[PDB]
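Okay, model_21.csv now, which holds CSV, C-alpha atoms and all ligand atoms:
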chain,number,residue,atom,x,y,z
X,321,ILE,CA,80.2,-76.3,-3.9
X,322,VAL,CA,82.2,-78.9,-5.9
X,323,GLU,CA,81.8,-79.0,-9.7
X,324,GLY,CA,79.2,-76.3,-9.7
X,325,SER,CA,79.2,-73.0,-11.6
X,326,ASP,CA,78.9,-69.2,-11.1
X,327,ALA,CA,75.4,-68.3,-10.0
X,328,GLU,CA,73.7,-65.6,-12.1
X,329,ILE,CA,72.8,-62.3,-10.5
X,330,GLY,CA,69.7,-62.6,-8.4
X,331,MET,CA,69.6,-66.3,-9.2
X,332,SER,CA,69.2,-67.2,-5.6
X,333,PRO,CA,67.9,-64.1,-3.8
X,334,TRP,CA,67.0,-66.1,-0.7
X,335,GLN,CA,70.7,-67.0,-0.1
X,336,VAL,CA,72.0,-66.0,3.3
X,337,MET,CA,75.5,-66.0,4.8
X,338,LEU,CA,76.0,-66.9,8.4
X,339,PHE,CA,78.9,-65.0,9.9
X,340,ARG,CA,80.8,-64.9,13.2
X,341,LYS,CA,81.3,-61.4,14.5
X,342,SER,CA,84.6,-61.8,16.2
X,343,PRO,CA,86.8,-63.2,14.7
X,344,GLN,CA,85.1,-62.3,11.4
X,345,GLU,CA,84.6,-65.5,9.4
X,346,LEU,CA,81.9,-67.2,7.3
X,347,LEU,CA,80.4,-70.1,9.1
X,348,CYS,CA,77.5,-71.5,7.1
X,349,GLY,CA,74.9,-70.9,4.4
X,350,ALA,CA,71.3,-70.2,5.2
X,351,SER,CA,68.0,-69.1,3.5
X,352,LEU,CA,65.4,-66.3,3.8
X,353,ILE,CA,61.9,-67.7,4.2
X,354,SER,CA,60.3,-64.5,5.3
X,355,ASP,CA,61.2,-60.9,5.9
X,356,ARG,CA,62.5,-61.8,9.4
X,357,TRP,CA,63.0,-65.6,9.5
X,358,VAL,CA,66.2,-67.4,8.3
X,359,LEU,CA,66.5,-71.1,7.9
X,360,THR,CA,69.8,-73.1,8.5
X,361,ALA,CA,71.3,-76.3,9.8
X,362,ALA,CA,71.3,-76.8,13.6
X,363,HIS,CA,75.0,-77.9,13.6
X,364,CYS,CA,75.9,-74.5,12.3
X,365,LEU,CA,74.8,-73.0,15.6
X,366,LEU,CA,75.3,-76.0,17.9
X,367,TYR,CA,77.8,-78.8,17.7
X,368,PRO,CA,79.4,-79.7,21.1
X,369,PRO,CA,82.1,-82.0,19.5
X,370,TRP,CA,83.6,-78.8,18.0
X,371,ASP,CA,83.0,-76.5,21.0
X,372,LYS,CA,80.3,-74.8,18.8
X,373,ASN,CA,77.5,-73.1,20.7
X,374,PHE,CA,76.8,-69.7,19.2
X,375,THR,CA,74.3,-67.4,20.9
X,376,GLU,CA,72.5,-64.6,19.0
X,377,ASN,CA,75.0,-61.9,19.7
X,378,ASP,CA,77.9,-63.9,18.2
X,379,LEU,CA,76.5,-63.8,14.7
X,380,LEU,CA,75.2,-61.6,12.0
X,381,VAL,CA,73.8,-62.5,8.6
X,382,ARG,CA,74.5,-61.0,5.1
X,383,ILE,CA,71.7,-61.2,2.6
X,384,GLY,CA,71.6,-60.4,-1.1
X,385,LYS,CA,75.3,-61.1,-1.7
X,386,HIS,CA,76.9,-62.5,-4.9
X,387,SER,CA,80.6,-62.0,-4.4
X,388,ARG,CA,82.1,-63.8,-1.4
X,389,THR,CA,84.7,-61.1,-0.9
X,390,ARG,CA,83.7,-57.7,-2.3
X,391,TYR,CA,81.2,-55.3,-0.7
X,392,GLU,CA,78.0,-54.9,-2.8
X,393,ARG,CA,76.9,-51.3,-2.1
X,394,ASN,CA,73.1,-51.0,-2.3
X,395,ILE,CA,72.7,-54.7,-2.9
X,396,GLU,CA,73.7,-56.6,0.2
X,397,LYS,CA,72.2,-56.2,3.7
X,398,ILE,CA,73.6,-56.9,7.2
X,399,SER,CA,71.0,-58.2,9.6
X,400,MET,CA,71.4,-59.0,13.4
X,401,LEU,CA,69.8,-61.9,15.2
X,402,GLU,CA,67.0,-61.5,17.8
X,403,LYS,CA,66.6,-65.2,18.8
X,404,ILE,CA,68.0,-68.6,17.7
X,405,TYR,CA,65.7,-71.6,17.6
X,406,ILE,CA,67.1,-75.1,17.4
X,407,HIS,CA,65.0,-78.2,17.0
X,408,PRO,CA,64.4,-79.7,20.5
X,409,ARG,CA,64.8,-83.3,19.1
X,410,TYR,CA,67.9,-82.4,17.2
X,411,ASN,CA,70.5,-85.2,17.6
X,412,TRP,CA,74.2,-84.3,17.1
X,413,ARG,CA,75.5,-87.3,19.1
X,414,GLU,CA,74.8,-89.8,16.4
X,415,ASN,CA,73.7,-88.7,12.9
X,416,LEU,CA,72.6,-85.0,12.9
X,417,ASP,CA,69.0,-86.2,13.0
X,418,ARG,CA,66.6,-83.2,12.6
X,419,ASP,CA,69.5,-80.9,11.7
X,420,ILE,CA,67.5,-77.7,11.5
X,421,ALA,CA,67.4,-74.3,13.1
X,422,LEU,CA,65.5,-71.0,12.7
X,423,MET,CA,67.0,-67.6,13.3
X,424,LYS,CA,64.8,-64.4,13.8
X,425,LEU,CA,66.2,-61.1,12.6
X,426,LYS,CA,66.1,-58.2,15.0
X,427,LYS,CA,64.5,-56.1,12.2
X,428,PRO,CA,62.6,-57.1,9.1
X,429,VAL,CA,64.7,-57.1,5.9
X,430,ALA,CA,63.4,-55.2,2.9
X,431,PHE,CA,62.9,-57.2,-0.3
X,432,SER,CA,64.7,-56.2,-3.5
X,433,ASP,CA,65.9,-57.7,-6.8
X,434,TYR,CA,68.6,-59.4,-4.8
X,435,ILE,CA,66.7,-60.2,-1.6
X,436,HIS,CA,63.5,-62.3,-1.7
X,437,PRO,CA,62.2,-65.3,0.3
X,438,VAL,CA,62.0,-68.9,-0.8
X,439,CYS,CA,58.8,-71.0,-0.3
X,440,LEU,CA,58.4,-73.7,2.2
X,441,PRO,CA,57.0,-77.0,0.7
X,442,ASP,CA,53.5,-78.2,1.2
X,443,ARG,CA,52.5,-81.8,1.0
X,444,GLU,CA,51.5,-81.7,-2.7
X,445,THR,CA,54.8,-80.1,-3.7
X,446,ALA,CA,56.7,-82.5,-1.4
X,447,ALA,CA,54.8,-85.5,-2.8
X,448,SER,CA,55.3,-84.5,-6.4
X,449,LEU,CA,58.9,-83.4,-6.5
X,450,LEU,CA,60.5,-85.6,-3.9
X,451,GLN,CA,61.2,-88.5,-6.3
X,452,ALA,CA,64.4,-90.3,-7.0
X,453,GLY,CA,66.1,-89.0,-10.2
X,454,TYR,CA,64.4,-85.6,-9.8
X,455,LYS,CA,66.9,-82.8,-9.5
X,456,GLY,CA,67.1,-80.1,-6.9
X,457,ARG,CA,69.5,-77.1,-6.7
X,458,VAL,CA,72.3,-76.5,-4.1
X,459,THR,CA,74.0,-73.1,-3.6
X,460,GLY,CA,76.8,-71.9,-1.4
X,461,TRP,CA,80.1,-70.2,-0.9
X,462,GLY,CA,81.9,-73.3,0.4
X,463,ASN,CA,85.1,-74.9,-0.9
X,464,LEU,CA,85.4,-76.0,-4.5
X,465,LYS,CA,87.3,-79.2,-3.5
X,466,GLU,CA,87.5,-81.5,-0.5
X,467,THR,CA,90.2,-80.4,1.9
X,468,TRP,CA,92.0,-82.1,4.7
X,469,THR,CA,90.0,-80.1,7.2
X,470,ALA,CA,86.8,-81.7,6.0
X,471,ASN,CA,84.5,-83.2,8.7
X,472,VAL,CA,86.7,-81.5,11.3
X,473,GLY,CA,86.4,-78.3,13.3
X,475,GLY,CA,90.1,-73.2,-3.0
X,476,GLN,CA,87.2,-70.9,-2.4
X,477,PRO,CA,84.9,-69.2,-4.9
X,478,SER,CA,84.8,-65.5,-5.7
X,479,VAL,CA,81.1,-65.5,-6.4
X,480,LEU,CA,78.1,-67.7,-5.3
X,481,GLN,CA,78.2,-71.2,-6.7
X,482,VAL,CA,75.3,-73.4,-7.9
X,483,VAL,CA,74.9,-77.1,-8.7
X,484,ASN,CA,72.0,-79.3,-9.6
X,485,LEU,CA,71.8,-82.8,-8.1
X,486,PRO,CA,69.4,-85.7,-8.5
X,487,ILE,CA,67.5,-87.0,-5.4
X,488,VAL,CA,68.8,-90.5,-4.8
X,489,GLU,CA,66.8,-93.7,-4.0
X,490,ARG,CA,66.6,-94.3,-0.3
X,491,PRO,CA,68.2,-97.8,-0.2
X,492,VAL,CA,71.1,-96.5,-2.3
X,493,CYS,CA,71.7,-93.7,0.2
X,494,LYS,CA,71.6,-96.2,3.1
X,495,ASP,CA,74.1,-98.6,1.5
X,496,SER,CA,76.5,-95.7,0.7
X,497,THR,CA,77.2,-95.0,4.4
X,498,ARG,CA,77.4,-96.6,7.8
X,499,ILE,CA,75.7,-93.7,9.5
X,500,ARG,CA,72.1,-94.5,10.4
X,501,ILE,CA,70.0,-92.4,8.1
X,502,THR,CA,66.5,-91.3,9.1
X,503,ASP,CA,63.4,-90.2,7.2
X,504,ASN,CA,64.2,-86.7,8.4
X,505,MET,CA,67.0,-86.9,5.9
X,506,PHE,CA,67.3,-87.5,2.2
X,507,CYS,CA,70.4,-87.6,0.0
X,508,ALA,CA,71.3,-86.4,-3.5
X,509,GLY,CA,74.1,-86.5,-6.0
X,510,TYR,CA,75.2,-88.5,-9.0
X,511,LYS,CA,76.1,-92.2,-9.0
X,512,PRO,CA,79.6,-93.3,-10.2
X,513,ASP,CA,78.3,-94.6,-13.5
X,514,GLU,CA,76.1,-91.5,-14.1
X,515,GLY,CA,79.1,-89.6,-15.4
X,516,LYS,CA,78.2,-86.2,-14.0
X,517,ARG,CA,79.5,-84.9,-10.7
X,518,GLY,CA,78.7,-82.4,-8.0
X,519,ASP,CA,78.4,-81.9,-4.3
X,520,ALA,CA,78.2,-79.4,-1.4
X,521,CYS,CA,81.3,-78.9,0.6
X,522,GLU,CA,82.8,-77.3,3.7
X,523,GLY,CA,81.0,-74.0,4.2
X,524,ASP,CA,77.9,-74.9,2.3
X,525,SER,CA,76.3,-76.3,5.5
X,526,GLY,CA,72.9,-74.9,6.3
X,527,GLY,CA,72.4,-73.7,2.7
X,528,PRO,CA,69.3,-74.4,0.7
X,529,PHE,CA,68.4,-77.4,-1.4
X,530,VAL,CA,65.7,-76.0,-3.7
X,531,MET,CA,63.4,-77.2,-6.4
X,532,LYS,CA,61.2,-75.3,-8.9
X,533,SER,CA,57.5,-76.4,-8.9
X,534,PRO,CA,56.1,-76.9,-12.5
X,535,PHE,CA,52.7,-76.2,-11.0
X,536,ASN,CA,53.1,-72.6,-9.9
X,537,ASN,CA,56.6,-71.7,-11.1
X,538,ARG,CA,57.7,-71.1,-7.4
X,539,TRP,CA,61.0,-72.2,-6.0
X,540,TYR,CA,60.6,-74.4,-2.9
X,541,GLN,CA,63.3,-75.3,-0.4
X,542,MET,CA,63.1,-79.0,0.1
X,543,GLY,CA,66.3,-79.6,1.9
X,544,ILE,CA,69.1,-78.1,4.1
X,545,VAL,CA,72.7,-78.9,3.5
X,546,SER,CA,73.4,-81.1,6.5
X,547,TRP,CA,76.3,-83.6,6.2
X,548,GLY,CA,78.4,-85.7,3.9
X,549,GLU,CA,81.5,-87.9,4.1
X,550,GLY,CA,84.1,-85.7,2.2
X,551,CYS,CA,83.1,-83.8,-0.9
X,552,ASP,CA,82.1,-85.3,-4.3
X,553,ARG,CA,83.5,-88.7,-3.6
X,554,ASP,CA,82.5,-91.6,-5.8
X,555,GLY,CA,79.9,-93.7,-4.0
X,556,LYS,CA,79.2,-91.1,-1.4
X,557,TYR,CA,76.2,-88.7,-1.4
X,558,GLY,CA,75.3,-85.4,0.2
X,559,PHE,CA,72.7,-85.7,2.9
X,560,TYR,CA,70.0,-83.0,3.4
X,561,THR,CA,67.6,-82.2,6.2
X,562,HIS,CA,64.1,-83.1,5.1
X,563,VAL,CA,62.4,-79.7,5.4
X,564,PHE,CA,58.7,-80.7,4.8
X,565,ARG,CA,58.9,-83.5,7.4
X,566,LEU,CA,60.0,-80.9,10.0
X,567,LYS,CA,57.7,-78.2,8.7
X,568,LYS,CA,55.4,-78.7,11.6
X,569,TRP,CA,58.1,-77.6,14.0
X,570,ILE,CA,59.0,-74.7,11.8
X,571,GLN,CA,55.4,-73.4,11.7
X,572,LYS,CA,55.1,-73.9,15.5
X,573,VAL,CA,58.1,-71.7,16.2
X,574,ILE,CA,57.1,-69.1,13.7
X,575,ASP,CA,53.5,-68.8,14.8
X,576,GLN,CA,54.4,-67.9,18.4
X,577,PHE,CA,56.7,-65.0,17.2
X,578,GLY,CA,55.1,-63.8,14.0
X,579,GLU,CA,56.3,-64.4,10.4
I,287,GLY,CA,55.5,-58.2,1.9
I,288,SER,CA,56.0,-60.6,4.8
I,289,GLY,CA,57.1,-63.4,2.5
I,290,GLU,CA,54.9,-66.4,1.6
I,291,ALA,CA,52.5,-64.4,-0.7
I,292,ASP,CA,55.1,-63.9,-3.4
I,293,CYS,CA,57.8,-66.4,-2.2
I,294,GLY,CA,59.8,-68.4,-4.6
I,295,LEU,CA,59.3,-66.0,-7.5
I,296,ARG,CA,62.6,-64.4,-8.3
I,297,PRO,CA,62.4,-60.6,-9.2
I,298,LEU,CA,65.0,-60.9,-11.9
I,299,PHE,CA,63.7,-64.1,-13.4
I,300,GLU,CA,60.1,-65.4,-12.8
I,301,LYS,CA,58.8,-61.8,-12.4
I,302,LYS,CA,60.4,-60.8,-15.7
I,303,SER,CA,59.5,-64.0,-17.4
I,304,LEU,CA,63.2,-65.0,-17.7
I,305,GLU,CA,64.9,-68.3,-17.0
I,306,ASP,CA,68.3,-68.9,-15.5
I,307,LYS,CA,71.0,-70.9,-17.4
I,308,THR,CA,70.2,-74.3,-15.7
I,309,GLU,CA,66.6,-74.4,-14.4
I,310,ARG,CA,65.7,-76.2,-17.6
I,311,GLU,CA,67.8,-79.2,-16.4
I,312,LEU,CA,65.6,-79.5,-13.3
I,313,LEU,CA,62.3,-79.5,-15.2
I,314,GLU,CA,63.7,-82.1,-17.6
I,315,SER,CA,64.4,-84.4,-14.7
I,316,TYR,CA,60.8,-84.0,-13.5
I,317,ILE,CA,59.5,-85.0,-16.9
I,318,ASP,CA,61.8,-87.5,-18.6
N,51,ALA,CA,78.1,-87.8,12.8
N,52,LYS,CA,79.4,-86.1,10.6
N,53,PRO,CA,79.0,-82.5,9.4
N,54,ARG,CA,81.5,-81.3,6.7
V,1,LIG,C1,75.0,-73.4,24.9
V,1,LIG,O1,75.7,-72.2,25.4
V,1,LIG,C2,74.8,-71.4,26.2
V,1,LIG,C3,75.5,-70.1,26.5
V,1,LIG,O2,76.3,-69.7,25.4
V,1,LIG,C4,74.5,-72.2,27.5
V,1,LIG,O3,73.6,-71.5,28.3
V,1,LIG,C5,73.8,-73.5,27.1
V,1,LIG,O4,73.6,-74.4,28.2
V,1,LIG,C6,74.6,-74.3,26.0
V,1,LIG,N1,73.8,-75.4,25.5
V,1,LIG,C7,74.3,-76.6,25.2
V,1,LIG,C8,73.3,-77.6,24.6
V,1,LIG,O5,75.5,-76.9,25.3
V,2,NA,NA,79.4,-88.4,-4.6
Take the structure I supplied and represent it as structure tokens, if you would.
Amino acid sequence: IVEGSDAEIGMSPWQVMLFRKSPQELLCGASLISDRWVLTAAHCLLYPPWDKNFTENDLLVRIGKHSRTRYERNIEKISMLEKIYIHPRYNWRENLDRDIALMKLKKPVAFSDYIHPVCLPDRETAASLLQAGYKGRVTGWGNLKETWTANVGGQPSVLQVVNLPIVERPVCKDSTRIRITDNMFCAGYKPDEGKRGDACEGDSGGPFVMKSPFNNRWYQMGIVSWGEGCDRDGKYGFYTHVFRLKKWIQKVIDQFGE
Amino acid sequence: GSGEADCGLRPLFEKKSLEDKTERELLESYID
Amino acid sequence: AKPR
């Protein structure tokens, strides 16, 4: 996260870390949406340009973490993966269209002060909160600045958080040459808006969330998907439109129990 | 206990009627 | 494409 700040304890209890077993590194962010279902970007699991094609056994997830580095004794939890599900119409060749994937935990995780699922948006919530100018929240353990390894196959000690405004669709389109689809939205400040902030390398797959004024519940509206660099003037972060792919999500989940 | 029944309500915040340092900023954007 |  660029130009964000230290998250508070338990501020984002649905935050999930995606790890490679061997060699041991942090790959992507993710989110807990039930006691056994984790949500992330498809390109975290499958991206052929970078020889990326992780199976279940390659990965484990860490839930309820705050520090990137230190072990949190009776706070954080290590979960294994039973099955990986990537959107069948996911398109990595062109624009990361439908950049979304579900991961099922081998065993259900137990909820705590630090581990708790985020809500999936319904139409009403999606209709109300998905408006330009309205702000959502992005969290992750990614880089604090854009590095030379960006968009190619320092770092915070604790979880980072930034709030960013949803951007008007035509502005998003004019900011990039990539064909954007309505399975995406983009967020971030405009050059003359003064404020700054963006997701960065390692924040991929993490949650873009918004708090409903109607029921005080946090809803995940987006997944950190792609962006040209980090926190560049005139560029914006692009996010997987969760509600527009919710039908797929539910279909996967209903066949193997939430 | 499976998820969706109490989802989105944080134990250390919503449950305890406490707000985080910046959630205000979000609500302001939804109103103003 | 282009993921960070
Ligand atoms: C991904 O790798 C698995 C084995 O790890 C292989 O069976 C599968 O064909 C690959 N899929 C793609 C889309 O490359
Ligand atoms: Na920007």
Pick the closest to chain N from X:490, X:418, X:565, X:413: which is it, counting all atoms listed in the file?
X:413
Starting from chain X, keep only residues with some atom at most 10 Å from an atom of chain I, counting all atoms listed in the file, and report them as an MDAnalysis selection string.
chainID X and resid 325 327:334 352:357 428:440 448:457 482:486 530:534 536:541 578:579
Dump the neighbourhood of ligand NA 2 (chain V) as an mmCIF file with C-alpha atoms, in the frame of the given file: all residues within 9 Å, distances computed on only C-alpha atoms and all ligand atoms.
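The result, stored in selection-v4.cif:
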data_model
loop_
_atom_site.group_PDB
_atom_site.id
_atom_site.type_symbol
_atom_site.label_atom_id
_atom_site.label_comp_id
_atom_site.auth_asym_id
_atom_site.auth_seq_id
_atom_site.Cartn_x
_atom_site.Cartn_y
_atom_site.Cartn_z
ATOM 1 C CA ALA X 508 71.300 -86.400 -3.500
ATOM 2 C CA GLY X 509 74.100 -86.500 -6.000
ATOM 3 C CA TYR X 510 75.200 -88.500 -9.000
ATOM 4 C CA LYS X 511 76.100 -92.200 -9.000
ATOM 5 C CA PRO X 512 79.600 -93.300 -10.200
ATOM 6 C CA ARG X 517 79.500 -84.900 -10.700
ATOM 7 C CA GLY X 518 78.700 -82.400 -8.000
ATOM 8 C CA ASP X 519 78.400 -81.900 -4.300
ATOM 9 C CA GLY X 548 78.400 -85.700 3.900
ATOM 10 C CA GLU X 549 81.500 -87.900 4.100
ATOM 11 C CA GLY X 550 84.100 -85.700 2.200
ATOM 12 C CA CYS X 551 83.100 -83.800 -0.900
ATOM 13 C CA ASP X 552 82.100 -85.300 -4.300
ATOM 14 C CA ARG X 553 83.500 -88.700 -3.600
ATOM 15 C CA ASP X 554 82.500 -91.600 -5.800
ATOM 16 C CA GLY X 555 79.900 -93.700 -4.000
ATOM 17 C CA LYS X 556 79.200 -91.100 -1.400
ATOM 18 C CA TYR X 557 76.200 -88.700 -1.400
ATOM 19 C CA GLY X 558 75.300 -85.400 0.200
#
Close residues to ligand LIG 1 (chain V) using only C-alpha atoms and all ligand atoms, limit 9 Å, as a PDB file with C-alpha atoms, keeping the file's coordinate frame:
ATOM      1  CA  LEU X 366      75.300 -76.000  17.900  1.00  0.00           C
ATOM      2  CA  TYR X 367      77.800 -78.800  17.700  1.00  0.00           C
ATOM      3  CA  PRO X 368      79.400 -79.700  21.100  1.00  0.00           C
ATOM      4  CA  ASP X 371      83.000 -76.500  21.000  1.00  0.00           C
ATOM      5  CA  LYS X 372      80.300 -74.800  18.800  1.00  0.00           C
ATOM      6  CA  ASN X 373      77.500 -73.100  20.700  1.00  0.00           C
ATOM      7  CA  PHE X 374      76.800 -69.700  19.200  1.00  0.00           C
ATOM      8  CA  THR X 375      74.300 -67.400  20.900  1.00  0.00           C
TER       9      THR X 375
END
Which one is closest to residue X:362: X:528, X:491, X:408, X:515? Count only C-alpha atoms.
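Nearest to residue X:362: X:408.
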Interatomic distance, atom CA of residue X:412 to atom CA of residue X:442 (Å, one decimal):
26.8 Å
For a test of reading the model, state the distance in Å between atom CA of residue X:335 and atom CA of residue X:460, rounded to one decimal.
7.9 Å
I'd like the contact shell of residue X:400 - 12 Å cut-off, only C-alpha atoms, skipping same-chain residues fewer than 4 positions apart - returned as a PyMOL selection string.
chain X and resi 337-341+356-358+375-383+404+423-429
Write out as an MDAnalysis selection string every residue belonging to chain X that has an atom at most 12 Å from any atom of chain N, counting only C-alpha atoms.
chainID X and resid 321 347:348 361:364 366:370 411:417 419 462:463 465:473 497:501 519:526 545:552 558:561
Residue neighbourhood residue X:542, 7 Å, only C-alpha atoms, exclusion window fewer than 3 positions, as a PyMOL selection string:
chain X and resi 441+529-531+562-564
How far is it from atom CA of residue X:487 to atom CA of residue X:445, in Å with one decimal?
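Straight-line distance from atom CA of residue X:487 to atom CA of residue X:445 works out to 14.6 Å.
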Considering all atoms listed in the file, return as a ChimeraX atom specification whatever protein or nucleic-acid residues lie within 12 Å of residue X:389, sequence-local ones (same chain, fewer than 3 positions apart) excluded.
/X:337,345-346,382,385-386,392,396,461,476-480
Please write the residues from the selection above to a file, keeping C-alpha atoms, as an mmCIF file, keeping the file's coordinate frame.
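Output below, filename result.cif:
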data_model
loop_
_atom_site.group_PDB
_atom_site.id
_atom_site.type_symbol
_atom_site.label_atom_id
_atom_site.label_comp_id
_atom_site.auth_asym_id
_atom_site.auth_seq_id
_atom_site.Cartn_x
_atom_site.Cartn_y
_atom_site.Cartn_z
ATOM 1 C CA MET X 337 75.500 -66.000 4.800
ATOM 2 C CA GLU X 345 84.600 -65.500 9.400
ATOM 3 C CA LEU X 346 81.900 -67.200 7.300
ATOM 4 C CA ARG X 382 74.500 -61.000 5.100
ATOM 5 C CA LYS X 385 75.300 -61.100 -1.700
ATOM 6 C CA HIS X 386 76.900 -62.500 -4.900
ATOM 7 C CA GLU X 392 78.000 -54.900 -2.800
ATOM 8 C CA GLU X 396 73.700 -56.600 0.200
ATOM 9 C CA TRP X 461 80.100 -70.200 -0.900
ATOM 10 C CA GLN X 476 87.200 -70.900 -2.400
ATOM 11 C CA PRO X 477 84.900 -69.200 -4.900
ATOM 12 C CA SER X 478 84.800 -65.500 -5.700
ATOM 13 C CA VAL X 479 81.100 -65.500 -6.400
ATOM 14 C CA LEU X 480 78.100 -67.700 -5.300
#
Measuring between only C-alpha atoms, which one of X:398, X:359, X:350, X:458 shows the shortest distance to residue X:571?
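Looking at the shortest contact to residue X:571, the residue is X:359.
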Some atoms are absent from chain N, so rebuild N, CA and C atoms and return them as a short mmCIF file (atom, residue, chain, number, x, y, z; two decimals), in the frame of the given file.
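For reference, selection_13.cif as written:
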data_model
loop_
_atom_site.label_atom_id
_atom_site.label_comp_id
_atom_site.auth_asym_id
_atom_site.auth_seq_id
_atom_site.Cartn_x
_atom_site.Cartn_y
_atom_site.Cartn_z
N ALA N 51 79.43 -88.33 12.84
CA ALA N 51 78.10 -87.80 12.80
C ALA N 51 77.49 -87.60 11.39
N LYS N 52 78.13 -86.84 10.49
CA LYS N 52 79.40 -86.10 10.60
C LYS N 52 79.42 -84.91 9.71
N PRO N 53 79.16 -83.71 10.25
CA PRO N 53 79.00 -82.50 9.40
C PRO N 53 80.36 -82.15 8.70
N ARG N 54 80.28 -81.70 7.45
CA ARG N 54 81.50 -81.30 6.70
C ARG N 54 82.20 -80.15 7.40
#
